[PDB]
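Student: Once you've had a glance at the structure underneath, I'll fire off some questions.
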Amino acid sequence: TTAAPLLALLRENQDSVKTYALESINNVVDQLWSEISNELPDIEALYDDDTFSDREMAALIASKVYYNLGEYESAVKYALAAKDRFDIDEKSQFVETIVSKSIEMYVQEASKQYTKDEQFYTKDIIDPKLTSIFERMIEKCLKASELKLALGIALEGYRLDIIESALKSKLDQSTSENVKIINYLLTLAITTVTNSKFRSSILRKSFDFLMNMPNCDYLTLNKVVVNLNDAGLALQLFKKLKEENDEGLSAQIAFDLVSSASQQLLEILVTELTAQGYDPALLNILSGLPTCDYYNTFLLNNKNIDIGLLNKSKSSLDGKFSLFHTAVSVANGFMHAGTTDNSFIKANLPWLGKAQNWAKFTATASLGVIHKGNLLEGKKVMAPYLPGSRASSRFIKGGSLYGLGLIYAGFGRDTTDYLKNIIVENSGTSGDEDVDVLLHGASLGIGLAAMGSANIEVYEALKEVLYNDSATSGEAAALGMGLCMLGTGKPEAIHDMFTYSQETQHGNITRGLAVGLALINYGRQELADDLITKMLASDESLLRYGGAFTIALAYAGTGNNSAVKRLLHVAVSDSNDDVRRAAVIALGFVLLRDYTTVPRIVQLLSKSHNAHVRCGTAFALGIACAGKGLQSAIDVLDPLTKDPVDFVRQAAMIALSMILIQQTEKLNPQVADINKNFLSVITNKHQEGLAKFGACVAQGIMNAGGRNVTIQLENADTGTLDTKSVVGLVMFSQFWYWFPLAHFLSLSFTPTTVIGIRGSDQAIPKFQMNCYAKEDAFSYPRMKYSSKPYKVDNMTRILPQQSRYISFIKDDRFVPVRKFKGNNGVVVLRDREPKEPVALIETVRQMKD
Amino acid sequence: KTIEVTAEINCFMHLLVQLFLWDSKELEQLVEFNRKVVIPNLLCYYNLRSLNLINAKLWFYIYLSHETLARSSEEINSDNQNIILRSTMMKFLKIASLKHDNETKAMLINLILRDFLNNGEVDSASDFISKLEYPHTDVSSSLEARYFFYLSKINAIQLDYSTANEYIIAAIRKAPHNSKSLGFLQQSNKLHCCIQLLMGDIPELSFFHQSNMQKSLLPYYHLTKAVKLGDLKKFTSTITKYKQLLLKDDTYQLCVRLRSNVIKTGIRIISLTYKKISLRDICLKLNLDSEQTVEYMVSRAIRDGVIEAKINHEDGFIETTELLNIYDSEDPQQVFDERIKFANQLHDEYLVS
Amino acid sequence: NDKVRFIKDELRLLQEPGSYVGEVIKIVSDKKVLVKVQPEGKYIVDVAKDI
Amino acid sequence: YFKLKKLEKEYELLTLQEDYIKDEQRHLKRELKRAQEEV
């Protein structure tokens, strides 16, 4: 009934009687805690005595009662401090719950304590009694032989020694299962931690374990060197392949390394490979000559451009301004991309006479997308349109140098020095409007061409095109400085451009220099936080429009709540309409990897009173959700297609087409009604210039490269982030703000190709791998898994999503080593029985290589 | 096997429903098996969970009859059985930690306060009551009402009437069940009349008149009248007659609290309106009650704050106030302030709702 | 959000220079209509494309 | 546990968004008065 006999002895005199009282109380503390709660100061006084030795028992009793009160933190101290009253080795409701809390305490702290000092766990800073309970939790976990728990608690609690020991110890080098655990932490450590400092340490140390080699995944080995850009990891990577040289291993790696890595690293790695002693094999793979040949191959065989459709479009009206010509020029170039097909231009040369100056520049340049892929006849076609050979028009002449830069971008090396001279040359004089447009094309083209690689000579040149303040050329120049100096910028470029934006006056310049300033900040994060503050603090619309993108780019990939919050604040409260649109677009890029969250964010914001918000959101949702499904997403854009304002209709149509390329054609029943609608608008002449503009370019994206090639961001054909892609869409968002900006969509058309592959050197095998597959080379626009034969399984249209269900068989000369790669942009099955039966049909790459 | 787990559970609930005297033959004999049934593959699963698939109420119904001590028969130093129940309920109490536990958790506290109300000591109540707060949005209208009823009972010994009045009035405005209109309704009414007596403001039992037995009412009227007319003599003889009643209900505590109140109520009806009230009248009234403590009691009377007066006995007059307020400062504004707070909480619910 | 919009629709709607009440004299098959307008003259006018 | 991290992430995005609703709501209040005044 009462605890009163016991409690009476707890206050009675003599140490012995108090020792007995503690142990009498002990047995039933839990049930009677309420009464015993009043006696806590008395119990606490025994605890504080260091002469009385049943202090530990008094503490234990205190803890139980505090737990029942809600003071979990206080009891956790008190059990440790007792020096035996923390025992996890018993199993209880008390014990389980306060252990749950203890980990929470260490983890919270561990966030703070890492930031001050990254050796804290190594040291007395978080007290040994706590650190022991945590270390025992690790051991507890490991015993259960489920590694994801052990690694979890330690990741949150910033202990590197535990992440290493966990991977090390358990290795059977089953062997696959340890490797799986390694790959799960890797994806995780980048996408869930935002701290640089932690993430690098894990990534280099895990590289070593994979580098030992008995079962290791090449894609993952490659990823961690790309992100961190460290020369030492690359040196070891290459040094390993010398020792364990196989044509198979060596291709796989180089083929990864040519997609994922950026140019300036690419170069720095090659420099090291030569200095270490080199393989001539890798240097050919890194050319990207193979990938451009593959693309050509694909498009030639798999065609279905539907020029009857484009013919259909153009001919419905020639009204609705010179904008109407700009659209069908742009839809031509997308349809015919890398297939080589001039159909619009052959027919209409009167059409060119209709077209304005700026439309004529898009039309020349559209040929730049068409002959992209050939890096030999790409220059060749543009030759009759160069200076020293003149042109038909100066308006053509300008678009020629923009089309060449499209073709040769990221391998512009020679042409760049050439183009630089035209630039430095017409800064001295050339205020005639024909020479400005010439100076314009050179400036656009060269920024594309030197993109991703520092050239201070490029920065310097262009800055003087800016000092002329041409409304025409300044735009070009400005992007060109951002495009080149991509990376981490310099302190210099930031302060010099930003001051200069207030000093000089033009609208076109202000828009160009803002986007210019954003571009240099990629992967920066907190180091970019300083220029973000300055731009948002400018009360100029142009700079604030640019300000969003800076966050977008700096944080590009890594989801950050702080970064997105800054864009939400600018977006809602500013009066200026333009800034709202730019800023919703900007949300998508941070949130690229949390693409499930986008349908909830833009569920609200498609219902707005300002049209600018609605247009920007069709694009926002579209960008982020491009690389994968999202049917719910397609349901939002539905109202926006028929939204009362013309520019909201435009933007929904364009947006819709970038996601559903070969998910179209009755996969989703609705998509037929959307495709039909695209047709209806064009055929109608009671639809406005921007609405029909919107229908016409959206037709080009869907039907891009003969219905075979796709709009990605957060790729499923290369599987990693691409610089080309984020930047490319940002140019894309402006196309009425300045007209020839479309062509940067060129930079991120990706092949869906399903081809035979060899681990060994190429010769073009083509064979079906017959695994069961859905209908989506049978559902494309118009003129499951079960493990059975299927109708077509090599080439066709297919889908990136479907390609993963068709996996390379062991039943020929082609051997799996990956159970299919998971990507489908460069192929690769490993060929273990070279120059044998299993097809043989040489491509055009084997006519010169 | 999915089916097996589920099938055990549905069976355990079913046995708990049946055993309220159908296919049954001794609630106590069967208790062992009911404890047995409860703990594996049921009580065990739920560790961070609460539901109305788990229900203390079923077990409450069972346990309550045993606590008439007619199966114990008072042959023993303490019940084992109640200690076992209490041990087990307190074991749940640990598991609850105010994260999602307010549901079943609240019933356990009703049970714990009941054992204190039968014969324990009600100073332990304070913590449970506090612990037990956390936003309540999963407790049923009858459950809210019973908890309040028990809570009110706690308050009254602790000498906190106003708090108890608010709770009992809030209780009877829950529960559309026609099964808590029966004897439970009577118990609730009993307590609302007792609280009315204690404050001594006490209105007539008019409202109660078509919602209680005329047998209950007349004694109930008798008590109220004793206070109202303000006689000690009338009051004592009413206690003497309806002794069995006050004992039976266990609201025998009234006899202590009310006596001091009754004598004060008796001075109050005799007017205190004008600037002096002659000492002889007030002395006269008091003289009947006790004429050895006429100064001591009037002084005490003033001290309490029930009424307030000034005395000179070197003038031999008792000086008094009207007992009627003023509106000219913050105290009516405080009533304005309470009302607006009440409205806002209510507003928040309508919007939410 | 709807409320903001409702008020706005009224603000636009109420800005108008007013439309004239008139009477169709007779229908013309070139998609013109003859209307004798009450306070104005008589005009032959171009019917709506959608009427 | 790789699952728990993932689920915590999904919820977090959601949280930022629940605050976000509130901030657009505040803004709308200002614009509602100005419009009604205008008429």
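The chains in the structure tokens are called A, B, ... from first to last as shown; in each chain the residues are counted from 1, and the ligands are counted from 1 in the order shown.
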Which chain B residues are at most 7 Å from chain A (counting only C-alpha atoms), as a ChimeraX atom specification?
Tutor: /B:87,90,94,124,127
Student: Near chain A, meaning an atom within 9 Å, which residues of chain C appear when counting only C-alpha atoms? Write them as a PyMOL selection string.
Tutor: chain C and resi 1+4-5
Student: Quick one: which residues from chain C are at most 7 Å off chain D, using only C-alpha atoms, as a list in words?
Tutor: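 The complete set of qualifying residues is residues 4, 7, 8 and 11 of chain C.
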Student: Using only C-alpha atoms, find which residues of chain D lie within 8 Å of chain A and jot them down as a JSON list (two decimals) with N, CA, C and O atoms, in the first residue's frame.
Tutor:
[["chain", "number", "residue", "atom", "x", "y", "z"],
["D", 1, "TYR", "N", 16.75, 1.96, -41.82],
["D", 1, "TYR", "CA", 17.71, 3.08, -41.33],
["D", 1, "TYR", "C", 18.28, 4.04, -42.38],
["D", 1, "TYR", "O", 18.26, 5.27, -42.20],
["D", 2, "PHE", "N", 18.70, 3.51, -43.55],
["D", 2, "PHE", "CA", 18.91, 4.19, -44.85],
["D", 2, "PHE", "C", 17.58, 4.69, -45.25],
["D", 2, "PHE", "O", 17.45, 5.73, -45.86],
["D", 5, "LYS", "N", 16.55, 7.82, -42.86],
["D", 5, "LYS", "CA", 17.10, 9.05, -43.28],
["D", 5, "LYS", "C", 16.31, 9.72, -44.36],
["D", 5, "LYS", "O", 16.17, 10.94, -44.37],
["D", 9, "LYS", "N", 14.00, 13.24, -44.55],
["D", 9, "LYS", "CA", 14.21, 14.17, -45.62],
["D", 9, "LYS", "C", 12.96, 14.64, -46.25],
["D", 9, "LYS", "O", 12.77, 15.84, -46.49],
["D", 10, "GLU", "N", 12.06, 13.66, -46.55],
["D", 10, "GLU", "CA", 10.81, 13.89, -47.24],
["D", 10, "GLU", "C", 9.92, 14.80, -46.38],
["D", 10, "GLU", "O", 9.27, 15.80, -46.74],
["D", 13, "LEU", "N", 11.22, 18.70, -46.20],
["D", 13, "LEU", "CA", 10.85, 19.44, -47.35],
["D", 13, "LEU", "C", 9.44, 19.95, -47.13],
["D", 13, "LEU", "O", 9.05, 21.13, -47.28],
["D", 14, "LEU", "N", 8.65, 18.97, -46.61],
["D", 14, "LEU", "CA", 7.29, 19.23, -46.22],
["D", 14, "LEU", "C", 7.16, 20.31, -45.16],
["D", 14, "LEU", "O", 6.43, 21.25, -45.41],
["D", 16, "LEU", "N", 9.22, 22.94, -44.53],
["D", 16, "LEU", "CA", 9.63, 24.20, -44.98],
["D", 16, "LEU", "C", 8.49, 24.79, -45.69],
["D", 16, "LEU", "O", 8.14, 25.98, -45.54],
["D", 17, "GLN", "N", 7.81, 23.96, -46.46],
["D", 17, "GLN", "CA", 6.60, 24.21, -47.17],
["D", 17, "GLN", "C", 5.34, 24.60, -46.31],
["D", 17, "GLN", "O", 4.50, 25.39, -46.69],
["D", 20, "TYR", "N", 5.82, 28.01, -45.49],
["D", 20, "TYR", "CA", 5.75, 28.72, -46.73],
["D", 20, "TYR", "C", 4.28, 29.20, -47.02],
["D", 20, "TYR", "O", 3.97, 30.28, -47.54],
["D", 23, "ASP", "N", 3.39, 32.29, -44.97],
["D", 23, "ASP", "CA", 4.00, 33.51, -45.51],
["D", 23, "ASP", "C", 3.26, 34.07, -46.74],
["D", 23, "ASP", "O", 2.98, 35.30, -46.82],
["D", 24, "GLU", "N", 2.86, 33.22, -47.84],
["D", 24, "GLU", "CA", 1.98, 33.70, -48.84],
["D", 24, "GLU", "C", 0.59, 34.27, -48.27],
["D", 24, "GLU", "O", 0.07, 35.31, -48.62],
["D", 27, "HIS", "N", 0.77, 37.83, -46.88],
["D", 27, "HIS", "CA", 0.99, 38.77, -48.00],
["D", 27, "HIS", "C", -0.33, 39.17, -48.64],
["D", 27, "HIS", "O", -0.51, 40.31, -49.02]]
Student: Out of A:443, A:650, A:699, A:734, which residue has the shortest atom-to-atom distance to residue 462 of chain A when counting only C-alpha atoms?
Tutor: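 Closest to residue 462 of chain A, using only C-alpha atoms: A:443.
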Student: If you count only C-alpha atoms, which residues fall within 7 Å of segment 496-509 of chain A, apart from same-chain ones fewer than 2 positions away, as a list in words?
Tutor: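 Listed by chain and then number, they are residues 471, 474, 475, 492, 493, 494, 511, 512 and 513 of chain A.
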